[PDB]
Structure formats: C-alpha cells, structure tokens
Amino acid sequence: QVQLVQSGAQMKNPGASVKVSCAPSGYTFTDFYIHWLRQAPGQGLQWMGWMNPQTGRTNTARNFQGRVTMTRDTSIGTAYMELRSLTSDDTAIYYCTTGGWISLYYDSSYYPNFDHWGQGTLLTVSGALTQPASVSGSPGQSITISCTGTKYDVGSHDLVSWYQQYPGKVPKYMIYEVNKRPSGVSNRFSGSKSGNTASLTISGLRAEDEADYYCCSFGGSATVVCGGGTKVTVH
C-alpha cells in the first residue's frame, strides 16, 4: 500500500529556513517523479517543483527560483524540500506527491499526474491558472468548471489534471490528461479541452460533490501550473 509520510508541522520565525521531508513506501521510490506543492486558505494550489528520485535532478517554479532546494537521501528513500528566507507569506500546508512514471524513452517530469499525496505539513511563520472562484448548481444538474491558461501551458499538450478537496482534507486525484479517469472515479466526472481552456464537467450533481476543485497542467518549460480553485455549491 502506497504511503507518503511527511514530517510534522513547524513554526519558523521570518528569515529562517524550513526543511520538509517526505518518505514514500509501498512502491518503488525510483520509478516515479516526486512533486512539491503548497496551499494557503487565502490563495489556491501552488506548484513548487519536481525531483527525479533516481538522479536527484530537479526543476523549481520561477517564483521559487533560488529559495528552494529539493534533494533526496537515497539510503533512507526520503525526499526533502527546503525553503529559505521565510516570511508570513510562506505560511501554508506543504504537500509531497507522486508524479509520472519514469521511462527511459521520454520525459514525464511535467506530467501533473499526482495519484498519491502526503498528509501535508503545516508551516507557520510568525516571529496561476484561472478558475472561477465559485460555481453553483442544484441537485441533478450538470455543472462545468473552467480552467484557463495560455498557448504555452494548457493550450499545448493534453496534460491537465483535476483534484477534489473537501474542507480540511487532502486533495484527491479525479481526472488526468484532460479526459482520463483514475480507478474508483465514477463516470459522472468528465473532462474536456478547447484552445487554452480545460473544463471539468460534473453530471448528476449529488450533494457530496460540494467541495473545492483545482486544475493543474503542464506549465511550460517542464513546470506544472495550478489554478486558484473553484468552490462548488449544491443548492
């Protein structure tokens, strides 16, 4: 059984550094990419970077250019994400996730296929794609959620995934590669794409569809970009 166990919550004063760990088990650590994302209540889903567990080669989001270092200890199969020069803006829940399967014949580092997620790590410092903020439907209706980027990200590649997040819970893999369903997900959820906009359609709206939905996509230059999120209300 796959488990991604992250290190515990931390409080840091500003200017300090944080080193978050992620220890995966129940699968071959070196077969899949490791991604790092973060989320604050007053913002959306922010992709931080990827790491190849085999070689240790990484890529980080532009906004983290030189304050993030991702590494791994091979003897203990543990990934690390270090964030330097903390401020209050860095207060967030940080997530370690799995990614694309690592193949010799192509690069899947930028596949936003986050099948499995760590439990999250709350950092407190004391001392993006465009989604509609809110979408509403009554029960039984078909609803649709947009996710707009540019011709450089979602406009190129059929590499868009969708994630469902209940309050105080970890995001869940719902749709990937635009229209593909992960095992366990009902056909009620479908995905499509047109030009620079990807869409998630939820048919037969049940009450328990009420949640936050996030789109992630190939971001350009082997990055991944995520949306600000969409709250779905069922009347």
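Each residue number is its position in the shown sequence, starting from 1.
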item: Absent coordinates between residue 137 and residue 138 - deposited residues affected, binned into four classes; value: none
item: Entry-level comparison of average CA B-factors, 104-112 and 128-136, reporting the higher stretch; value: 128-136
item: Residue range whose averaged C-alpha B-factor is higher in the record, 216-224 or 7-15; value: 7-15
item: Given 199, 30, 59, 46, the residue at which the Cα B factor reaches its maximum; value: 199
item: Top Cα B factor in the deposited entry, candidates 53, 26, 182, 41; value: 41
item: Relative C-alpha B-factor of residue 172, binned into the chain's lowest, middle or highest third; value: middle
item: CA B-factor ranking of residue 79, expressed as a third of its chain; value: lowest
item: Relative C-alpha B-factor of residue 145, binned into the chain's lowest, middle or highest third; value: highest
item: Relative C-alpha B-factor of residue 87, binned into the chain's lowest, middle or highest third; value: middle
item: Ranked against its chain, the third holding the CA B-factor of residue 205; value: highest
